[PDB]
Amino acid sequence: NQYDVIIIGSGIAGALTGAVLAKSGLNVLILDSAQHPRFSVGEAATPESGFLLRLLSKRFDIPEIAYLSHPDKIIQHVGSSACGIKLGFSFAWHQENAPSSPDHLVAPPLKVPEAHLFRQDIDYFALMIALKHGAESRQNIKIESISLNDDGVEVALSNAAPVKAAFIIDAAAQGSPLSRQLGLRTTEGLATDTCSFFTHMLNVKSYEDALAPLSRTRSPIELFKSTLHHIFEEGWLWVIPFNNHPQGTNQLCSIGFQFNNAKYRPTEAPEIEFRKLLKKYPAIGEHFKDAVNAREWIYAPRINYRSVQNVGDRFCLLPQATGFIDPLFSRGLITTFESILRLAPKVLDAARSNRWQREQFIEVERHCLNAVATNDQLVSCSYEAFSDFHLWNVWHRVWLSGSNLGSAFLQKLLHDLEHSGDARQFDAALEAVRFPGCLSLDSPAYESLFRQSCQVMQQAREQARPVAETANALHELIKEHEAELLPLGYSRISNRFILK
């Protein structure tokens, strides 16, 4: 074969997959119909995504991958416009036909700052990592066909000779091109049904200046220096600044609003839907008095999908090509980076033994499809908890306790790897987790809390239960399971800023 591995898509997922494989001695070809620089959403890093990048870096000995996990390192090595800063997630709740209250907020702060990724700069830098380790890249191409054979894969291209490899990876951020032709993609059975409008803006006012200062909120973090979620019954809006870092030079702020299609369907053009949203929620409008759009609004009428399979003898779909639920909680990048970390060693074994059977990659599929299902439950139940602040306040502890447990588990895996230097042991440890794709990874007590909490929320939606009933039911579940969670005081509802 001309190449060991062909990768579709040259964003961060495809580029980092290409880098680790090329560093490990494979001949890699990255194909993309787009070209750099180009825009992309999926901007909010998490503690999980940070640890996964550091794991990728350490597992494959590529120090530059670890720069992408911390904003100071991004500023220094990628560039001063390449990120904003994030000291936590903040959630501010609103309701139609009532003034918004600065006490209807929750914001768990971080120990260590994470990044708001300016993806045009981040992704190009990541492609450069791959290129410097020997991966070939072809941009602005047109794939005529993909053929999956006994002996390999053939990709036909427009105005060029066909290219051959042993294996193909679909790392495309959108479209799921291999998923299309294989008939694997479906919306059947998903609880989440949401649309999205997104763009980048100049002169978006900070939360502190527009709505309420730190003296009024009593928040331990500036909401300006956080991934801000404005939440309400039928949907939510993100405020993700790139212009909030003291050494940063980016002027933009990412803005996206999502609707639950069961509750509200948009009928008009994006700027009209935006102005109607700000009329419904004048508190949110305070961000945008002097703001101007720095690109066209993108509308996606349904962002949710999944796939019935995602690996074969000669292929693997990375998580973005397999399934997506919603930007809420930024679970997409988490799933993506863990999947690469699980897949890459198996592709190396396969390339070195020349054995290419679906069974070799079954744990990659298991993690991916379980992650998407969990993500679907988490988000759909969250969209229901948007109906009331007190309900949201109680419910958000279910997400937080899980995520805290998952991060702690990933940190432990990193620490073990760094002190032993044992890559096989790490690969086995990640594969041996009891709940791959779930928020905790390995806590039966947490996953009991999660599953019963999700049941409470789905019943509440199906039978239109009172929000005070639903909140109390969740609160008792947290109290029941609290002893087996990290000791952060998840059950004390009066504390709206759960500190590490």
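In this text, residue numbers run from 1 along the sequence as written. Take the two forms, superpose them, and find the largest set of C-alpha atoms that agree within 1.5 Å; that set is the rigid core.
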{"item": "RMS CA shift, core-fitted in 4 other deposited structures of this protein, bigger for 250 to 258 or for 171 to 179", "value": "171 to 179"}
{"item": "RMS CA shift, core-fitted in 4 other deposited structures of this protein, bigger for 217 to 225 or for 319 to 327", "value": "319 to 327"}
{"item": "Between the two ranges 381 to 389 and 233 to 241, the one averaging a larger CA B factor in the entry", "value": "381 to 389"}
{"item": "Mean Cα B-factor comparison, 187 to 195 or 322 to 330, giving the higher one as deposited", "value": "187 to 195"}
{"item": "C-alpha B-factor winner, where the candidates are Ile141, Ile85, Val106, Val78", "value": "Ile141"}
{"item": "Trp297, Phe257, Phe125, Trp356, ranked by C-alpha B-factor: the highest one", "value": "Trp356"}
{"item": "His475 CA temperature factor, ranked by third within the chain", "value": "middle"}
{"item": "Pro466 - Cα temperature factor, lowest/middle/highest third of chain", "value": "highest"}
{"item": "Lowest, middle or highest third - CA B-factor, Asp72", "value": "middle"}
{"item": "Chain thirds of CA B-factor: placement of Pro266", "value": "highest"}
{"item": "Third assignment of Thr227 from its chain's C-alpha B-factors", "value": "lowest"}
